Amino acid sequence: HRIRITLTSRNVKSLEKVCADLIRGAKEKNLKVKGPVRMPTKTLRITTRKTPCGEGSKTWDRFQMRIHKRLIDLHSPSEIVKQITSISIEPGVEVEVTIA
Amino acid sequence: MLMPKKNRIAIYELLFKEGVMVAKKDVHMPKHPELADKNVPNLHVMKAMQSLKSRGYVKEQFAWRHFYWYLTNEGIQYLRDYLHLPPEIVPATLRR
Amino acid sequence: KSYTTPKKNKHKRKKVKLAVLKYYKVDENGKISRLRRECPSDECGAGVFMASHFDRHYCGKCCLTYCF
Amino acid sequence: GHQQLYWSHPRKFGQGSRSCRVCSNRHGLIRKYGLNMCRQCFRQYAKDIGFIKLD
Amino acid sequence: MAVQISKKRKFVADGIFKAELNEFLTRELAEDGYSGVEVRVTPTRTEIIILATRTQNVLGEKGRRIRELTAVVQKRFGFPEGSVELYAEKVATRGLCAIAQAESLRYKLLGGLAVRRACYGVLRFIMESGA
RNA sequence: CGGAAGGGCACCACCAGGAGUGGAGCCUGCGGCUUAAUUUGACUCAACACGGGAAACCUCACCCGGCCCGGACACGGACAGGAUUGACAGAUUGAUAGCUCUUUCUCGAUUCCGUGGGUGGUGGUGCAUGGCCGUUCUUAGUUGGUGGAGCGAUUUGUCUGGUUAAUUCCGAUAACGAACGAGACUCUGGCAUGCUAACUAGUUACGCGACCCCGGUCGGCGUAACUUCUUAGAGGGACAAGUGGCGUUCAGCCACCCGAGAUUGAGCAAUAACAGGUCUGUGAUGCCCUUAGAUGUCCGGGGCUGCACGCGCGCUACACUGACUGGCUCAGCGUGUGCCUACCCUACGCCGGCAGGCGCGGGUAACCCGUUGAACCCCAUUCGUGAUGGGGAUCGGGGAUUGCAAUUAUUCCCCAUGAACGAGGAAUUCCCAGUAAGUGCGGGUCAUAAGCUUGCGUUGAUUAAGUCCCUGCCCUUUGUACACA
């Protein structure tokens with residue numbers, strides 16, 4: 001019953017709508033929900049030179065890429081939450097349903 | 001290129017079995033990733049397919065570090081009369 | 001463009017007309033006479049003859065050389 | 001042996017060992033997060049990988 | 001997946017995946033009015049959508065080039081059979097797509113139209129489309 | 001455009017100061033001078049710790065040699081009565097390259113040879129190009145539409161002046177209304193005892209357990225409440241809004257209450273241009289060159305460091321506001337097991353003074369390294385104005401690790417050696433608040449690896465709220481016989 005749905009996404013409002021959708025689906029299917037626990041955002045940071053040559057003033061580019069991680073833990077037999085999580089998928093987020 | 005015909009026919013067989021083929025540009029790669037049943041050096045796949053291309057039998061498209069080789073009608077007819085096969089059968093691209 | 005050494009010309013091989021018929025002795029019967037011993041080598045058995053050099057014997061492709 | 005000598009030299013490390021996955025040259029390589037893309041090629045394709053100038 | 005790599009390396013892996021896919025498809029579908037790519041990795045589907053202007057040229061004669069392109073996709077990137085599904089579709093109001101309009105100008109210059117006439121012909125179409 | 005006048009702005013300008021650089025030693029990039037070679041791009045700001053360029057081989061172009069074809073393709077003699085590939089000794093070399101002189105076996109029309117045509121190229125031209133970049137300039141500048149004025153090119157709007165970080169505004173006003181750049185915008189920092197949530201985060205209470213004399217301590221053990229502390233989502237909040245002055249009474253400026261803030265910091269960035277940089281980022285690329293004895297490429301050796309010399313960026317010092325030896329005590333950004341790809345972050349238990357070795361483990365990571373016991377600083381000693389226990393260059397000896405390989409010492413450790421340097425000439429740089437500076441910790445390069453650079457926190461000021469004197473750039477007026485100016 002104790003099953004772990006984690007959502008890893010680069011875009012935030014996408015992830016938030018998926019987090020909302022799984023709470024909606026859970027409270028409708030009448031099963032105990034642990035709310036969307038927000039793990040710290042990881043900021044992948046790469047900083048390079050701008051110029052292809054080396055005949056300019058030393059200006060650097062600061063490239064960032066945030067990656068967000070939510071998880072909701074439910075008390076439900078595999079099936080009903082599997083069919084809840086088989087609907088309403090968008091390209092931004094990525095799903096993991098963990099049983100044990 | 002100086003080639004073993006055994007390895008060359010095995011390349012031509014796979015090329016037919018699936019019309020289009022991919023090959024990384026790495027001439028110092030000991031065995032070919034796909035045809036590991038055969039002892040195919042990457043140099044020989046490239047040299048065979050670029051020799052195919054020069055006469056206008058294969059379609060050469062190059063990305064970052066990968067050759068892409070689609071089969072033409074000239075290649076279809078040469079390849080089928082060469083391997084000495086039934087004229088009916090075709091690559092894995094045609095069958096709906 | 002000018003170079004240092006007068007070059008090395010690449011090894012041109014001594015091509016010969018029929019080095020094969022010197023592998024057998026002909027009889028006036030319908031029989032045979034095999035000149036150079038047949039090594040029962042892993043891959044290179046019957047049709048592969050051994051080498052008859054002035055110091056040692058040698059099997060071609062498996063490289064199975066023999067001191068006299 | 002010619003084939004004992006052609007690729008005889010060992011390459012386990014140094015910048016002769018690692019290669020740009022786009023243009024295949026051996027200067028200013030990005031190896032962070034397993035990119036393996038030279039800094040000019042990175043900067044060209046950076047927005048497609050997901051990297052964004054924010055700060 | 002027992003290889004079990006970091007979410008950090010996983011997302012830069014997905015980043016370069018789309019980047020090369022796009023490079024390959026822009027090199028291939030260059031002349032046939034190519035707009036861009038999109039990926040939807042569903043449960044055990046890689047639904048890989050293509051956006052073009054002249055989709056009849058790119059999907060070809062009874063789906064020759066589509067199965068050719070699906071083959072090189074599965075062959076190069078190392079995918080499972082059945083799981084990878086390409087879908088070429090027409091982009092709406094091409095007038096606003098900078099990729100399509102830039103490649104249209106490029107192939108009018110490749111034909112050999114006058115340079116001021118090529119640019120003003122393109123720029124007039126962009127504006128009447130509603131830029 | 002001026003060798004004419006006037007007005008503006010800026011810590012890449014000055015004033016007031018702070019740290020300094022210049023002096024010394026070493027690290028390092030240029031020129032020079034040697035060398036078979038010491039490949040080279042760049043030369044005021046806008047070249048010189050820059051090419052992410054910390055190269056032992058590779059890298060890698062440079063040079064001394066030796067294999068190599070990876071010369072597709074169409075055509076022509078040649079041809080299995082064999083075109084051809086491979087080859088073990090032996091001298092040959094550096095080589096266990098069949099490169100070879102000299103052996104005889106192997107292979108089977110994919111060779112090899114001329115004719116074209118192709119190829120590859122860190123080869124040439126950045127004064128033939130694209131792209132990206134830098135700079136003028138991050139200064140405040142640029143342009144229509146209707147209307148006005150001129151026969152017209154043109155002009156007004158875009159201005160005498162005040163004000164602002166700002167062509168920012170309100171004022172005067174034949175102009176009114178607008179667009180780009182400024183601003184707004186996105187990220188970021190500070191605030192919520194209000195909200196949604198938490199066994200990958202805690203707390204409070206509790207039961208238990210250990211120790212000191214009912215309490216006290218616990219990062220000792222364990223499960224009911226809750227979200228103060230941690231995490232990250234939604235809204236809120238700040239606007240020169242309140243008051244007192246100054247001002248054409250405007251725009252706005254100065255002070256003061258209340259308040260978590262009364263200007264946090266970046267990202268982006270106009271019209272127009274430069275013969276600025278890159279062809280050594282590209283399978284962006286015109287033309288040229290070369291194309292088998294290669295400017296292709298692999299292999300093994302060295303060089304890129306060479307040292308009477310002159311520059312530029314940095315590091316360590318010149319000591320007592322200190323060095324040494326103990327003890328006490330506090331961080332924040334990250335990163336971590338690989339595609340070809342081999343190499344990850346490390347706790348813990350023994351061995352060795354030390355660098356290290358061996359053992360079992362955790363970790364694909366708010367889960368394990370980890371409560372990241374960092375340094376400066378702090379407390380207590382020894383030292384005592386002595387080129388001294390300051391300083392640690394140079395040199396000798398031994399030992400570990402990385403690697404296929406360290407001599408022209410890769411790095412690190414142990415003992416010994418103890419150079420100048422006593423605050424630095426002309427000249428010159430960066431900078432106004434959690435800033436300068438001191439201090440250490442991560443990311444890049446990385447088999448080995450930071451005196452560099454790119455980020456992070458800790459300790460934390462003196463001076464200034466101004467100006468056109470200096471150096472720059474920008475405008476208005478004026479003059480012209482200049483207009484490739």
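> Account for the overall build of chain E, with residues named and values stated.
Secondary structure assignment for chain E yields five helices and three strands. Beginning at the N terminus, the succession of helices and strands in chain E can be written as α-β-β-α-α-β-α-α. Here chain E has a C-alpha radius of gyration of 18 Å; the compact-globule value for 131 residues is 14 Å, and the former is much larger. Taken along its principal axes, the extent of the C-alpha atoms in chain E is 60 × 35 × 25 Å. In chain E, which comprises 131 residues, the share counted as buried stands at 37%. A separation threshold of at least 6 residues defines the contact pool for chain E, and within that pool the share at least 24 residues apart is 53%. Taken as a whole, chain E presents about 7800 Å² of accessible surface, with 53% of it coming from carbon and sulfur.

> Before we move on, could you go through the protein's contact with RNA strand F and cite the residues and values that matter?
With respect to spatial proximity, 118 residues lie near RNA strand F, and among them A:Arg38, D:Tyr6, D:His9, D:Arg11 and E:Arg27 are the closest. Restricting attention to atoms of RNA strand F within 4 Å of the protein, one finds that 66% of them are sugar or phosphate atoms. A:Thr43 is positioned such that a nitrogen or oxygen atom in its side chain is 3.4 Å from a phosphate oxygen of RNA strand F. At twelve residues, the largest contribution of residues to the surface near RNA strand F is made by strand β2 (residues 32-49) of chain A. Residues belonging to the surface near RNA strand F are distributed by class as follows: 37 nonpolar, 35 polar and 46 charged.

> Run through the UniProt feature "domain: KH type-2" in chain E, naming residues and quoting values.
The residues that UniProt annotates with the feature "domain: KH type-2" are residues 21-92 of chain E. Helix makes up 38% of residues 21-92 of chain E and strand 33%. Its end C-alpha atoms lie 22 Å apart.

> Got a sec to walk through the nonpolar core? Specific residues and values, please.
Membership of the largest hydrophobic core comes to 23 residues, with the highest contact counts inside it found for D:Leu35, D:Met37, D:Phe42, D:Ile49 and D:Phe51. When contributions to this core are tallied by element, the ones reaching two or more residues are β2 and β3 (60-75) of chain A, β2 (37-38) and α1 (39-49) of chain D together with α1 (7-28) of chain E. A total of five residues in this core trace back to one element, the largest contributor, which is α1(D). Once residues within four sequence positions are removed from consideration, D:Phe42 is found in contact with A:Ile46, A:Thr48, A:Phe63, D:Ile30, D:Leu35, D:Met37, D:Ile49 and D:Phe51. Counting 21 residues, the second-largest nonpolar core is a separate cluster that includes B:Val22, E:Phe24, E:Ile50 and E:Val73.

Analysis parameters
Residues numbered from 1 in each chain as written, not as in the entry; some residues may be left out. Chains lettered and ligands numbered in written order. Part of a larger assembly, values for the part shown. Heavy atoms only, no water. Helix = DSSP H or I, 4+ residues; strand = E, 2+ residues; numbered from the N terminus. Rg over C-alpha atoms; globule rule 2.2 N^0.38 Å. Buried < 20%, exposed > 50% of the residue type's maximum accessible area, 1.4 Å probe, protein only. Contact = heavy atoms within 4.5 Å. Areas by Shrake-Rupley, 256 points an atom, 1.4 Å probe, with all protein chains shown as cover. Near = heavy atom within 4 Å. Polar contact = N/O pair within 3.5 Å; in protein donor to acceptor, adjacent residues only side chain to side chain. Nonpolar A, V, L, I, M, F, W, Y, C, P; charged D, E, K, R; others polar. UniProt positions renumbered as here; feature names shortened; annotations may be inferred. Core = buried A, V, L, I, M, F, W, Y, C linked by side-chain atoms within 4.5 Å.

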